[PDB]
Ligand SMILES: [Mg+2]
Ligand SMILES: [Mg+2]
């Protein structure tokens with residue numbers, strides 16, 4: 001359940017996310033009819049005095065049975081065209097992403113671990 | 001004699017018939033697949049079929065932190081940390097896409113809920129993925145692991161020190177001053193343990209179920 | 001049928017310059033086959049993807065789901081996900097940067113993954 | 001020098017709590033001020 | 001520097017032989033990529049770094065050429 | 001077998017190789033110094049020979065060839 005002004009963690013190898021900054025990134029917009037963002041939802045991120053698109057891959061809110069609940073809200077940065085900003089992901093990613101309506105093949109390619 | 005929690009009925013105004021009907025289906029699945037005995041705190045490995053992919057299975061290993069539900073809806077939640085990222089999954093025992101349940105290590109802990117492990121140090125939740133099963137002895141009683149974990153800085157997910165939770169597996173002396181402990185005790189509600197109308201005696205119900213389950217065997 | 005043999009021949013016909021085919025062990029619950037194809041130009045990439053989807057629709061039938069085309073927004077990387085195969089098409093410059101062959105071949109020994117590290121700190125100092 | 005400046009920073013009481021988002025969850029790390037601690041130490045050295 | 005400098009030569013030989021048998025993929029591309037890896041890394045290396053580098057190559061060989069088909 | 005055929009056949013395959021410069025592709029052309037080839041370079045040179053001529057040359061003596069005539073002689077006496 002990510003909302004406007006939520007603080008999120010960039011699970012990626014991109015320099016933009018990796019480099020330490022005095023402020024953690026905050027969500028600015030949720031691309032949904034509702035304002036709530038769940039796994040598989042794009043959002044608009046404010047990073048280092050800049051705006052970038054990003055994708056939610058995990059959160060701390062309970063879901064339906066037999067699905068993984070994480071300890072932090074994890075996000076991945078996405079370019080305007082939709083190509084991933086980073087080249088690697090190390091943290092486990094849920095397998096529900098494969099079938100959900102949307103474009104997730106590109107992110108799945110870069111992710112090693114699936115839980 | 002270990003009677004699984006789900007078999008015990010909850011109190012209420014429901015008819016007994018609804019429970020008899022549910023039990024018959026529960027026993028039938030147990031013949032097809034065996035459900036091992038375990039308690040909160042034991043480490044388990046569960047194998048389940050993956051729906052998205054075609055005929056490919058999955059395995060998850062973690063410590064059981066909670067047992068809930070009644071009848072065919074019973075659940076259990078087990079936890080582990082992978083690459084320094086904590087994950088929990090809630091499993092239903094009677095879900096038909098569970099291939100096997102393996103008790104890697106059977107043991108009992110001081111409390112019947114370990115949800116406070118979220119606030120403990122990471123080491124107390126990590127378990128080796130490839131750890132092999134340990135031996136068990138039939139002519140014994142289940143072991144009770146008495147470890148007391150250490151906590152991270154005070155801001156926590158819940159106020160575990162407060163008397164309602166009744167936590168007995170945290171080293172409070174290290175994390176809290178004696179002044180704070182007295183501050184917590186203002187929420188005690190001492191009278192609850194001594195009023196005889198809030199107690200649900202299930203000894204007879206437990207006994208009757210035992211023979212019927214054994215008799216059906 | 002629309003199998004690995006058919007797909008590679010189809011790619012061969014349409015003149016894919018560089019082709020890599022990687023099998024996937026069951027331990028990873030993603031797909032049986034991973035295929036990466038290089039492409040000269042964006043116009044060429046669109047033609048290659050459209051023909052394969054057209055061919056797949058013709059041969060498949062009965063209870064076989066339809067397949068989406070992804071990456072049309074992007075001008076250089078296109079990927080199509082079939083039931084048991086995954087095909088990625090991109091230009092040479094895009095392919096080398098992401099270096100997808102390395103990761104799947106060397107599952108846990110990839111050089112880029114090794115560069116990433118872990119984080120711990122007692123205090124902000 | 002880090003340990004002594006930490007004590008002087010605590011002795012000066014100039015500390016800032018920051019919240020760090022980690023894979024295990026957010027934790028409130030404490031950041032003292034080296035600069036303020038150093039300034040107080042210099043005053044004591046200059047004073048008798 | 002390596003575990004043995006004969007293993008590096010022996011390891012390189014096996015990779016080329018396995019590539020000869022590669023069927024579906026463009027064998028030429030695989031051969032060129034292997035040479036580039038064998039060229040860039042081994043010119044400059046250290047005991048600890050070299051051991052891991054050759055170790056990763058060793059697993060690549062011992063896993064059906066890392067799944068290449 | 002034809003020794004002259006072996007010589008030119010070895011010469012032809014070596015000529016096909018691009019990295020080596022055929023400035024002096026004599027029958028006694030050295031590899032470490034005349035052509036500047038490293039341990040990796042010789043192995044592929046051996047493969048360029050084994051591609052159609054040989055196919056059973058071990059590395060133990062392949063590295064010792066160091067010149068077309070030696071390999072010309074070596075393949076000649078093993079077949
Ligand atoms: Mg309830
Ligand atoms: Mg809360």
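Derivation of every value follows stated rules applied to the coordinates shown; laboratory data play no part. Every residue, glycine among them, receives a Cβ derived from its backbone with ideal geometry; neighbour counts consider all protein chains shown.
Here the condition is being in contact (Cβ under 8 Å) with a residue 24 or more places away in the chain, more than 14 Å from chain A (Cβ to nearest Cβ), over 28 Å from residue B:33 (Cβ atoms) and part of a loop (DSSP other than H, G, I, E, B); of B:164, B:113, it holds for B:164 alone.
Looking at the stretch F:68-79, is at least one residue under 23 Å from residue E:14 (Cα atoms) and outside any helix (DSSP H, G or I)? Within the stretch F:68-79, not a single residue is under 23 Å from residue E:14 (Cα atoms) and outside any helix (DSSP H, G or I). Just so you know, in the stretch C:12-28 the residues that are under 17 Å from residue C:52 (Cβ atoms) and either touching a strand residue (DSSP E or B) at 6+ places or on another chain (Cβ under 6 Å) or touching a residue at least 60 places away in the same chain (Cβ under 8 Å) (or both) include one that is surrounded by the fewest Cβ atoms within 10 Å (Cβ to Cβ), and it is C:17.
Condition check ((1) exposed (fewer than 13 other Cβ atoms within 10 Å of the Cβ); (2) assigned to a loop (DSSP other than H, G, I, E, B); (3) out of contact with any strand residue (DSSP E or B) (no Cβ under 6 Å at 6 or more places or on another chain); (4) within 14 Å of chain C (Cβ to nearest Cβ)) across all residues:
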{"site": "D:9", "(1), (2), (3), (4)": "no, no, no, yes"}
{"site": "D:16", "(1), (2), (3), (4)": "yes, no, no, yes"}
{"site": "D:21", "(1), (2), (3), (4)": "no, no, no, yes"}
{"site": "D:26", "(1), (2), (3), (4)": "no, no, no, yes"}
{"site": "D:29", "(1), (2), (3), (4)": "no, no, no, yes"}
{"site": "D:35", "(1), (2), (3), (4)": "yes, no, yes, yes"}
{"site": "D:38", "(1), (2), (3), (4)": "no, no, yes, yes"}
{"site": "D:43", "(1), (2), (3), (4)": "yes, no, yes, no"}
{"site": "D:48", "(1), (2), (3), (4)": "yes, yes, yes, no"}
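Can you tell me which residue within the stretch F:17-48, out of those that are surrounded by fewer than 11 Cβ atoms within 10 Å (Cβ to Cβ) and part of a helix (DSSP H, G or I), is nearest to the chain's Cα centre (by Cα)? Filtering the stretch F:17-48 for residues that are surrounded by fewer than 11 Cβ atoms within 10 Å (Cβ to Cβ) and part of a helix (DSSP H, G or I), the one nearest to the chain's Cα centre (by Cα) comes out as F:24.
When the residues of the stretch C:38-53 are filtered to those that are touching a helix residue (DSSP H, G or I) at 6+ places or on another chain (Cβ under 8 Å) and part of a helix (DSSP H, G or I), the one that is nearest to residue C:14 (Cα to Cα) is C:48. Residue E:28 meets all of the listed conditions (1) without any contact (Cβ under 8 Å) to a residue 24 or more places away in the chain; (2) away from chain C (no Cβ under 11 Å); (3) exposed (fewer than 12 other Cβ atoms within 10 Å of the Cβ); (4) over 19 Å from residue C:110 (Cβ atoms) but one, namely (2). Residues satisfying the criterion are present in the stretch A:62-70 (criterion: touching a residue at least 12 places away in the same chain (Cβ under 8 Å), within 14 Å of the chain's Cα centre (by Cα) and surrounded by 16 or more Cβ atoms within 10 Å (Cβ to Cβ)). Kindly establish whether residue B:189 is at positive phi and exposed (fewer than 13 other Cβ atoms within 10 Å of the Cβ). When the stated conditions are applied, residue B:189 passes them.
Restricting the search to the stretch C:1-24, which residues are more than 16 Å from the chain's Cα centre (by Cα), over 20 Å from residue C:71 (Cα atoms) and in a loop (DSSP other than H, G, I, E, B)? C:1, C:2, C:15 - these are the residues of the stretch C:1-24 that are more than 16 Å from the chain's Cα centre (by Cα), over 20 Å from residue C:71 (Cα atoms) and in a loop (DSSP other than H, G, I, E, B).
For every residue, the table says whether it meets (1) loosely packed, with under 13 Cβ neighbours inside 10 Å; (2) at the interface with chain C (Cβ under 9 Å from one of its Cβ atoms); (3) closer than 30 Å to residue C:8 by Cβ; (4) more than 14 Å from the chain's Cα centre (by Cα).
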{"site": "E:15", "(1), (2), (3), (4)": "no, no, yes, no"}
{"site": "E:42", "(1), (2), (3), (4)": "no, no, no, no"}
{"site": "E:45", "(1), (2), (3), (4)": "no, no, no, yes"}
{"site": "E:51", "(1), (2), (3), (4)": "no, no, no, no"}
{"site": "E:60", "(1), (2), (3), (4)": "no, yes, yes, no"}
{"site": "E:65", "(1), (2), (3), (4)": "no, yes, yes, no"}
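Provide a single number: the residues in the stretch E:9-31 that are farther than 21 Å from residue F:59 by Cα and part of a helix (DSSP H, G or I).
The qualifying residues number 4.
The strands (runs of 3 or more DSSP E) found entirely in the stretch A:1-102 that carry 1 or more residues being more than 21 Å from residue C:74 (Cα to Cα) and more than 10 Å from every other protein chain (Cβ to nearest Cβ) are A:26-30, A:42-47, A:50-58. Quick check: anything in the stretch C:37-46 loosely packed, with under 15 Cβ neighbours inside 10 Å, farther than 14 Å from residue C:80 by Cα, within 14 Å of chain E (Cβ to nearest Cβ) and out of contact with any strand residue (DSSP E or B) (no Cβ under 8 Å at 6 or more places or on another chain)? For the stretch C:37-46, residues loosely packed, with under 15 Cβ neighbours inside 10 Å, farther than 14 Å from residue C:80 by Cα, within 14 Å of chain E (Cβ to nearest Cβ) and out of contact with any strand residue (DSSP E or B) (no Cβ under 8 Å at 6 or more places or on another chain): absent.
Residues checked against (1) in a loop (DSSP other than H, G, I, E, B); (2) at the interface with another protein chain (Cβ under 10 Å from one of its Cβ atoms); (3) touching a strand residue (DSSP E or B) at 6+ places or on another chain (Cβ under 9 Å); (4) in contact (Cβ under 8 Å) with a residue 40 or more places away in the chain:
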site: C:30; (1), (2), (3), (4): yes, yes, yes, yes
site: C:55; (1), (2), (3), (4): no, no, no, yes
site: C:64; (1), (2), (3), (4): yes, no, no, no
site: C:72; (1), (2), (3), (4): yes, yes, yes, no
site: C:89; (1), (2), (3), (4): no, no, yes, yes
site: C:94; (1), (2), (3), (4): no, yes, yes, no
site: C:114; (1), (2), (3), (4): no, yes, no, no
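Among residues belonging to the stretch B:66-95 that are part of a loop (DSSP other than H, G, I, E, B) and touching a residue at least 12 places away in the same chain (Cβ under 8 Å), point out the one that is farthest from residue B:9 (Cα to Cα).
Only one residue fits best here, namely B:84.
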